[PDB]
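Remarks on the structure that follows.
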Amino acid sequence: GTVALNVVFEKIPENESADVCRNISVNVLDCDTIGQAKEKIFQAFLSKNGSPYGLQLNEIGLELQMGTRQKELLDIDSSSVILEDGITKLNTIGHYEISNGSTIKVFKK
Amino acid sequence: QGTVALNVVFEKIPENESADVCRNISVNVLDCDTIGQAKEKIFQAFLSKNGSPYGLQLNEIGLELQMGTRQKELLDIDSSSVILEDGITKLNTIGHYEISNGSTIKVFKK
């Protein structure tokens, strides 16, 4: 199960130029964790621009755009599923009911 | 999340209430459900159908996917699991094993 995201990257000085492409469609799987999605998003930026975004994965966040609302997407938050033995299941894209074409903003933490 | 209908077959065991229990049940799971989650759903569905539980604990049973000729055990962690960014292992899901609607899953006493 695959979903195509409309990803918008925050403009930071850590980018190579001010000419880099910042609006990119990125496919992820419904069962990818938020961390796995962040990796694909970083990879797509690099594949498009020939230069990295510039920050570490842990220096950036993802925000889902829902109409007037902003929602941060994390591997673990207050909405996470606690499993059988008390283990917390890592949040996935599917956990957040993110649809084809949903806008995700990559922002500096 | 996508739904997967599993054709579940339960092993007849003496811990069942009677020999008349229904042991062939269609059970939905979600492709992102861990194998542990999938197991809870399978027990629940047994209970909803039969009015009695299977009789064992989740740690006392296993699931095997019937792959035409092959039989493949479904586990939360195995040698096929995905190791994530920080060294952390991602628990296996239904979708990790590429399980298709109508696949046969055998519940067996470990």
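Naming scheme: A, B, ... for chains in displayed order of the structure tokens; residues 1 onward per chain; ligands 1 onward as shown.
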
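Residues of chain B having any atom within 9 Å of chain A, counting only C-alpha atoms, are residues 1, 2, 31, 32, 33, 34, 36, 37, 40, 84, 85, 90, 91, 93, 95 and 96 of chain B.
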
Store the residues of this selection in a file with C-alpha atoms, as a compact mmCIF listing (two decimals), in the first residue's frame.
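Once written, out.txt looks like this:
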# COMPACT_ATOMS: atom_id res chain seq x y z
CA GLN B 1 -4.48 0.91 6.19
CA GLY B 2 -5.57 -1.99 3.88
CA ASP B 31 -1.60 -4.93 6.55
CA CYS B 32 0.19 -2.83 9.16
CA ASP B 33 -0.94 -5.07 12.09
CA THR B 34 1.96 -6.77 13.78
CA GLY B 36 0.99 -10.11 17.64
CA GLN B 37 -1.95 -7.86 16.78
CA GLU B 40 -5.25 -11.09 19.03
CA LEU B 84 15.58 0.78 11.55
CA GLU B 85 17.81 3.91 11.74
CA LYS B 90 10.72 -3.02 13.45
CA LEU B 91 8.16 -5.65 14.45
CA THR B 93 3.54 -6.91 10.15
CA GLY B 95 2.33 -6.60 4.99
CA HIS B 96 5.97 -7.52 5.76

Assign secondary structure with DSSP using the backbone only, and return the residues of chain A in helix (DSSP H, G or I) as a PDB file with N, CA, C and O atoms, in the first residue's frame.
ATOM      1  N   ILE A  34       7.144   6.800  10.724  1.00  0.00           N
ATOM      2  CA  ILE A  34       7.455   8.182  10.426  1.00  0.00           C
ATOM      3  C   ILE A  34       8.958   8.309  10.146  1.00  0.00           C
ATOM      4  O   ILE A  34       9.351   9.013   9.235  1.00  0.00           O
ATOM      5  N   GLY A  35       9.791   7.588  10.879  1.00  0.00           N
ATOM      6  CA  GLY A  35      11.220   7.639  10.637  1.00  0.00           C
ATOM      7  C   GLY A  35      11.594   7.118   9.265  1.00  0.00           C
ATOM      8  O   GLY A  35      12.446   7.703   8.594  1.00  0.00           O
ATOM      9  N   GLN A  36      10.993   6.006   8.860  1.00  0.00           N
ATOM     10  CA  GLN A  36      11.196   5.480   7.502  1.00  0.00           C
ATOM     11  C   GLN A  36      10.759   6.460   6.402  1.00  0.00           C
ATOM     12  O   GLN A  36      11.448   6.589   5.383  1.00  0.00           O
ATOM     13  N   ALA A  37       9.639   7.146   6.621  1.00  0.00           N
ATOM     14  CA  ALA A  37       9.171   8.178   5.702  1.00  0.00           C
ATOM     15  C   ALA A  37      10.168   9.332   5.629  1.00  0.00           C
ATOM     16  O   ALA A  37      10.490   9.778   4.539  1.00  0.00           O
ATOM     17  N   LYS A  38      10.675   9.811   6.778  1.00  0.00           N
ATOM     18  CA  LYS A  38      11.674  10.876   6.769  1.00  0.00           C
ATOM     19  C   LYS A  38      12.898  10.523   5.909  1.00  0.00           C
ATOM     20  O   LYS A  38      13.376  11.367   5.138  1.00  0.00           O
ATOM     21  N   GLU A  39      13.346   9.269   5.990  1.00  0.00           N
ATOM     22  CA  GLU A  39      14.446   8.772   5.140  1.00  0.00           C
ATOM     23  C   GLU A  39      14.141   8.829   3.657  1.00  0.00           C
ATOM     24  O   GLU A  39      14.980   9.231   2.870  1.00  0.00           O
ATOM     25  N   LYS A  40      12.944   8.439   3.264  1.00  0.00           N
ATOM     26  CA  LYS A  40      12.576   8.521   1.866  1.00  0.00           C
ATOM     27  C   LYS A  40      12.465   9.950   1.354  1.00  0.00           C
ATOM     28  O   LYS A  40      12.707  10.222   0.167  1.00  0.00           O
ATOM     29  N   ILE A  41      12.090  10.844   2.253  1.00  0.00           N
ATOM     30  CA  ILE A  41      11.916  12.236   1.944  1.00  0.00           C
ATOM     31  C   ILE A  41      13.254  12.917   1.741  1.00  0.00           C
ATOM     32  O   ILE A  41      13.431  13.658   0.779  1.00  0.00           O
ATOM     33  N   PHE A  42      14.186  12.649   2.652  1.00  0.00           N
ATOM     34  CA  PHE A  42      15.577  13.044   2.477  1.00  0.00           C
ATOM     35  C   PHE A  42      16.216  12.484   1.204  1.00  0.00           C
ATOM     36  O   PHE A  42      16.965  13.180   0.496  1.00  0.00           O
ATOM     37  N   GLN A  43      15.929  11.234   0.909  1.00  0.00           N
ATOM     38  CA  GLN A  43      16.464  10.635  -0.291  1.00  0.00           C
ATOM     39  C   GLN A  43      15.907  11.306  -1.552  1.00  0.00           C
ATOM     40  O   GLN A  43      16.596  11.394  -2.573  1.00  0.00           O
ATOM     41  N   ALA A  44      14.644  11.692  -1.524  1.00  0.00           N
ATOM     42  CA  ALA A  44      14.030  12.283  -2.700  1.00  0.00           C
ATOM     43  C   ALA A  44      14.559  13.700  -2.947  1.00  0.00           C
ATOM     44  O   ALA A  44      14.727  14.114  -4.103  1.00  0.00           O
ATOM     45  N   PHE A  45      14.793  14.447  -1.871  1.00  0.00           N
ATOM     46  CA  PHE A  45      15.405  15.764  -1.970  1.00  0.00           C
ATOM     47  C   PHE A  45      16.778  15.650  -2.661  1.00  0.00           C
ATOM     48  O   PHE A  45      17.068  16.386  -3.630  1.00  0.00           O
ATOM     49  N   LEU A  46      17.596  14.709  -2.192  1.00  0.00           N
ATOM     50  CA  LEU A  46      18.949  14.516  -2.722  1.00  0.00           C
ATOM     51  C   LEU A  46      18.871  14.038  -4.163  1.00  0.00           C
ATOM     52  O   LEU A  46      19.574  14.534  -5.030  1.00  0.00           O
ATOM     53  N   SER A  47      17.993  13.086  -4.438  1.00  0.00           N
ATOM     54  CA  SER A  47      17.874  12.582  -5.790  1.00  0.00           C
ATOM     55  C   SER A  47      17.462  13.672  -6.792  1.00  0.00           C
ATOM     56  O   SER A  47      17.922  13.650  -7.941  1.00  0.00           O
ATOM     57  N   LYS A  48      16.616  14.606  -6.347  1.00  0.00           N
ATOM     58  CA  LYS A  48      16.125  15.694  -7.188  1.00  0.00           C
ATOM     59  C   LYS A  48      17.172  16.782  -7.399  1.00  0.00           C
ATOM     60  O   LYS A  48      17.417  17.212  -8.538  1.00  0.00           O
ATOM     61  N   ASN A  49      17.810  17.197  -6.309  1.00  0.00           N
ATOM     62  CA  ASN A  49      18.609  18.398  -6.283  1.00  0.00           C
ATOM     63  C   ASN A  49      20.100  18.181  -6.455  1.00  0.00           C
ATOM     64  O   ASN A  49      20.823  19.122  -6.813  1.00  0.00           O
ATOM     65  N   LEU A  57      18.447  13.932  10.325  1.00  0.00           N
ATOM     66  CA  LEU A  57      17.055  13.533  10.472  1.00  0.00           C
ATOM     67  C   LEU A  57      16.462  13.985  11.803  1.00  0.00           C
ATOM     68  O   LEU A  57      15.300  14.352  11.871  1.00  0.00           O
ATOM     69  N   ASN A  58      17.251  13.943  12.866  1.00  0.00           N
ATOM     70  CA  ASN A  58      16.748  14.332  14.185  1.00  0.00           C
ATOM     71  C   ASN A  58      16.701  15.852  14.412  1.00  0.00           C
ATOM     72  O   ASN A  58      16.207  16.303  15.455  1.00  0.00           O
ATOM     73  N   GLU A  59      17.216  16.627  13.450  1.00  0.00           N
ATOM     74  CA  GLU A  59      17.126  18.088  13.488  1.00  0.00           C
ATOM     75  C   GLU A  59      15.868  18.597  12.764  1.00  0.00           C
ATOM     76  O   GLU A  59      15.542  19.796  12.843  1.00  0.00           O
ATOM     77  N   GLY A  94       0.127   5.211   7.894  1.00  0.00           N
ATOM     78  CA  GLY A  94      -1.245   4.735   7.980  1.00  0.00           C
ATOM     79  C   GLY A  94      -1.932   5.055   9.293  1.00  0.00           C
ATOM     80  O   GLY A  94      -3.137   5.299   9.316  1.00  0.00           O
ATOM     81  N   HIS A  95      -1.145   5.084  10.372  1.00  0.00           N
ATOM     82  CA  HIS A  95      -1.625   5.467  11.699  1.00  0.00           C
ATOM     83  C   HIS A  95      -2.240   6.847  11.654  1.00  0.00           C
ATOM     84  O   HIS A  95      -3.217   7.124  12.325  1.00  0.00           O
ATOM     85  N   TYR A  96      -1.665   7.718  10.845  1.00  0.00           N
ATOM     86  CA  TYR A  96      -2.132   9.108  10.767  1.00  0.00           C
ATOM     87  C   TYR A  96      -3.190   9.370   9.669  1.00  0.00           C
ATOM     88  O   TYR A  96      -3.666  10.481   9.534  1.00  0.00           O
TER      89      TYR A  96
END

request  = Please provide the set of residues having any atom within 6 Å of region 69-77 of chain B, restricted to only C-alpha atoms, with same-chain residues fewer than 4 positions apart removed, written as JSON, numbers by chain.
outcome  = {"B": [35, 63, 64, 65, 81, 91, 92]}

I need the residues from that last selection saved to file as a CSV table (one decimal), in the first residue's frame (with N, CA, C and O atoms), if you can.
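result_39.csv, freshly written:
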chain,number,residue,atom,x,y,z
B,35,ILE,N,2.2,-9.2,13.8
B,35,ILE,CA,1.8,-10.5,13.9
B,35,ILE,C,1.2,-10.7,15.3
B,35,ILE,O,0.2,-11.4,15.4
B,63,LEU,N,1.4,-19.1,14.3
B,63,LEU,CA,0.7,-18.9,13.0
B,63,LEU,C,1.7,-19.4,11.9
B,63,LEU,O,2.8,-19.0,11.9
B,64,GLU,N,1.2,-20.3,11.0
B,64,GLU,CA,1.9,-20.6,9.8
B,64,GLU,C,1.1,-20.3,8.6
B,64,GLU,O,-0.1,-20.6,8.4
B,65,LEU,N,1.8,-19.5,7.7
B,65,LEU,CA,1.2,-19.2,6.4
B,65,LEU,C,1.4,-20.4,5.4
B,65,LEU,O,2.6,-20.8,5.2
B,81,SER,N,13.4,-9.5,9.7
B,81,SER,CA,12.9,-8.2,10.2
B,81,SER,C,13.8,-7.1,9.8
B,81,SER,O,15.0,-7.2,9.5
B,91,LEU,N,8.9,-4.4,14.3
B,91,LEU,CA,8.2,-5.7,14.4
B,91,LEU,C,7.5,-6.1,13.1
B,91,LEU,O,7.0,-5.2,12.4
B,92,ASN,N,7.5,-7.4,12.8
B,92,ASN,CA,7.0,-7.8,11.5
B,92,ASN,C,5.4,-7.6,11.5
B,92,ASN,O,4.8,-7.9,12.5

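Distance-wise, CA of residue 9 (chain B) and CA of residue 24 (chain B) end up 4.8 Å apart.
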
ask   = Tell me, which residues of chain B carry DSSP strand (DSSP E), written as a VMD selection string?
value = chain B and resid 3 to 10 24 to 30 61 to 67 70 to 74 104 to 109

Go ahead and save the picked residues with N, CA and C atoms, as a compact mmCIF listing (two decimals), in the first residue's frame.
# COMPACT_ATOMS: atom_id res chain seq x y z
N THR B 3 -7.16 -3.73 4.54
CA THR B 3 -7.65 -4.95 5.22
C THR B 3 -7.22 -6.21 4.44
N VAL B 4 -6.87 -7.26 5.16
CA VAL B 4 -6.59 -8.57 4.57
C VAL B 4 -7.47 -9.64 5.23
N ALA B 5 -8.32 -10.27 4.42
CA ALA B 5 -9.13 -11.39 4.90
C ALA B 5 -8.23 -12.62 4.95
N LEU B 6 -8.11 -13.23 6.12
CA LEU B 6 -7.34 -14.46 6.25
C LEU B 6 -8.31 -15.59 6.46
N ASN B 7 -8.06 -16.71 5.78
CA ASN B 7 -8.80 -17.95 6.00
C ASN B 7 -8.06 -18.69 7.06
N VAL B 8 -8.53 -18.61 8.30
CA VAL B 8 -7.77 -19.18 9.41
C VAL B 8 -8.26 -20.60 9.73
N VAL B 9 -7.31 -21.53 9.88
CA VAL B 9 -7.60 -22.89 10.31
C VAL B 9 -6.98 -23.09 11.69
N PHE B 10 -7.80 -23.48 12.68
CA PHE B 10 -7.33 -23.75 14.04
C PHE B 10 -7.06 -25.24 14.23
N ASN B 24 -12.69 -23.19 11.26
CA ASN B 24 -12.37 -22.56 9.95
C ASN B 24 -13.09 -21.23 9.83
N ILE B 25 -12.37 -20.13 10.01
CA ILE B 25 -13.00 -18.83 10.17
C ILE B 25 -12.28 -17.81 9.32
N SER B 26 -13.04 -16.92 8.67
CA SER B 26 -12.45 -15.77 8.01
C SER B 26 -12.30 -14.64 9.02
N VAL B 27 -11.08 -14.12 9.08
CA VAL B 27 -10.66 -13.09 10.02
C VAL B 27 -9.95 -11.99 9.25
N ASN B 28 -10.49 -10.79 9.35
CA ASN B 28 -9.79 -9.60 8.91
C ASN B 28 -8.63 -9.20 9.81
N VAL B 29 -7.56 -8.74 9.17
CA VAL B 29 -6.49 -8.03 9.82
C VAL B 29 -6.16 -6.81 8.94
N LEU B 30 -5.18 -6.04 9.35
CA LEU B 30 -4.78 -4.84 8.63
C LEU B 30 -3.37 -5.16 8.23
N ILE B 61 0.73 -20.34 21.17
CA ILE B 61 0.38 -20.67 19.78
C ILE B 61 1.29 -20.00 18.75
N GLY B 62 1.25 -20.54 17.55
CA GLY B 62 1.96 -19.97 16.44
C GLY B 62 1.03 -19.91 15.25
N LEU B 63 1.41 -19.07 14.29
CA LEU B 63 0.73 -18.94 13.02
C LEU B 63 1.68 -19.41 11.93
N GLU B 64 1.19 -20.26 11.01
CA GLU B 64 1.90 -20.64 9.78
C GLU B 64 1.10 -20.25 8.56
N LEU B 65 1.77 -19.53 7.66
CA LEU B 65 1.22 -19.17 6.36
C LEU B 65 1.43 -20.35 5.42
N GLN B 66 0.35 -20.81 4.80
CA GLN B 66 0.41 -21.90 3.84
C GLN B 66 0.69 -21.37 2.41
N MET B 67 1.93 -21.57 1.96
CA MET B 67 2.44 -21.05 0.68
C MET B 67 2.45 -22.14 -0.42
N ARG B 70 4.82 -24.81 0.42
CA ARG B 70 5.57 -24.36 1.62
C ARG B 70 4.69 -23.98 2.82
N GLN B 71 5.23 -24.18 4.02
CA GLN B 71 4.64 -23.70 5.28
C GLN B 71 5.65 -22.72 5.92
N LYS B 72 5.22 -21.49 6.22
CA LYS B 72 6.12 -20.42 6.68
C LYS B 72 5.62 -19.84 8.01
N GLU B 73 6.40 -19.96 9.10
CA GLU B 73 5.95 -19.42 10.39
C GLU B 73 5.99 -17.89 10.39
N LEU B 74 4.93 -17.28 10.91
CA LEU B 74 4.82 -15.83 11.02
C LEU B 74 5.16 -15.39 12.41
N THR B 104 -4.16 -18.86 3.54
CA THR B 104 -4.47 -19.79 4.60
C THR B 104 -3.44 -19.66 5.71
N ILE B 105 -3.95 -19.45 6.93
CA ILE B 105 -3.12 -19.29 8.10
C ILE B 105 -3.50 -20.39 9.10
N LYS B 106 -2.53 -21.22 9.47
CA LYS B 106 -2.77 -22.32 10.39
C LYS B 106 -2.35 -21.87 11.81
N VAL B 107 -3.30 -21.89 12.75
CA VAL B 107 -3.01 -21.70 14.16
C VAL B 107 -2.65 -23.07 14.74
N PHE B 108 -1.47 -23.16 15.34
CA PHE B 108 -0.97 -24.43 15.83
C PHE B 108 -0.44 -24.22 17.24
N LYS B 109 -0.53 -25.27 18.05
CA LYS B 109 0.03 -25.30 19.39
C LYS B 109 1.57 -25.39 19.31

ask   = In terms of the shortest atom-to-atom distance over only C-alpha atoms, which of A:62, A:4, A:82, A:87 is closest to residue 104 (chain A)?
value =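 Nearest to residue 104 (chain A): A:62.
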
query = Counting only C-alpha atoms, what is within 9 Å of residue 103 (chain A), bar same-chain residues fewer than 6 positions away, as a ChimeraX atom specification?
reply = /A:5-8,63-66

Using N, CA, C and O atoms, can you export the residues from the last selection as a tab-separated table (two decimals), in the first residue's frame?
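Just written: selection-v8.tsv:
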chain	number	residue	atom	x	y	z
A	5	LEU	N	3.05	11.71	-1.37
A	5	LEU	CA	2.95	12.91	-0.55
A	5	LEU	C	3.46	14.10	-1.36
A	5	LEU	O	4.34	13.93	-2.20
A	6	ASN	N	2.87	15.27	-1.12
A	6	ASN	CA	3.33	16.54	-1.65
A	6	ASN	C	4.21	17.13	-0.56
A	6	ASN	O	3.71	17.62	0.44
A	7	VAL	N	5.52	17.05	-0.70
A	7	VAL	CA	6.39	17.50	0.37
A	7	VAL	C	6.94	18.91	0.08
A	7	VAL	O	7.41	19.19	-1.02
A	8	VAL	N	6.85	19.78	1.08
A	8	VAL	CA	7.34	21.16	1.03
A	8	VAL	C	8.46	21.27	2.04
A	8	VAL	O	8.25	20.97	3.21
A	63	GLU	N	5.30	17.96	9.36
A	63	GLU	CA	4.00	18.49	9.74
A	63	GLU	C	3.01	18.21	8.63
A	63	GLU	O	3.22	18.61	7.47
A	64	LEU	N	1.94	17.51	8.98
A	64	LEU	CA	0.84	17.26	8.08
A	64	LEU	C	-0.06	18.50	8.02
A	64	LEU	O	-0.45	19.01	9.06
A	65	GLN	N	-0.36	18.97	6.81
A	65	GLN	CA	-1.34	20.05	6.61
A	65	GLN	C	-2.76	19.48	6.49
A	65	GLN	O	-3.04	18.73	5.54
A	66	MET	N	-3.64	19.81	7.44
A	66	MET	CA	-5.04	19.40	7.37
A	66	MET	C	-5.89	20.66	7.37
A	66	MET	O	-6.15	21.25	8.44

request  = Could you check which of A:54, A:3, A:101, A:108 is closest to residue 20 (chain A), using only C-alpha atoms?
outcome  = A:54
